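Contents: one structure, followed by commentary.
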Amino acid sequence: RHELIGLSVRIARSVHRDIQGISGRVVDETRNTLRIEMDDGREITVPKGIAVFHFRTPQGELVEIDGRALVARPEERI
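For UniProt numbering, count along the sequence shown from 1 and bump the result up by 8.
Below is the structure:
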């Protein structure tokens, strides 16, 4: 599986319009918050409360994640 720290991620629609349709790299993932960082050294946060986005791996992989319908709470228990 391998974590997703550094991978690329694109948003199709998010709770906030300021981030809606945003695109960038990954840094960290939270139960209700998506953290975006790019190897360039640029980091930016993006709430997961209602944000669908797919990740891209240089190796040639296509991953998808839902911030609207797949909002799960791990450490916080279900």
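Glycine is no exception: its CB is placed at the ideal position from the N, C-alpha and C atoms.
{"Check": "Between which residues of its own chain and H62 is the CB-CB distance below 8 Å, once the five residues before and five after are set aside?", "Outcome": "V17, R18, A20, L70, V71, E72 and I73"}
{"Check": "Can you tell me whether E45 is buried or exposed, with buried defined as 16 or more other CB within 10 angstroms of its CB?", "Outcome": "buried"}
{"Check": "Assuming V60 and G49 are in contact, meaning their beta carbons sit under 8 Å apart, how far apart are those beta carbons, in whole angstroms?", "Outcome": "Contact flag wrong, Cβ pair sits at about 27 Å."}
{"Check": "If you check the beta carbons only, do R39 and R81 fall under 7 Å apart?", "Outcome": "yes"}
{"Check": "Using only the alpha-carbon positions, how far apart do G57 and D47 sit?", "Outcome": "25 Å"}
{"Check": "Go ahead and label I13 buried or exposed: buried means 16 or more other beta carbons lie within 10 angstroms of its beta carbon, across all protein chains shown.", "Outcome": "exposed"}
{"Check": "Apart from the five residues just before and just after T41, which ones in its own chain have a Cβ nearer than 6 Å to its Cβ?", "Outcome": "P55 and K56"}
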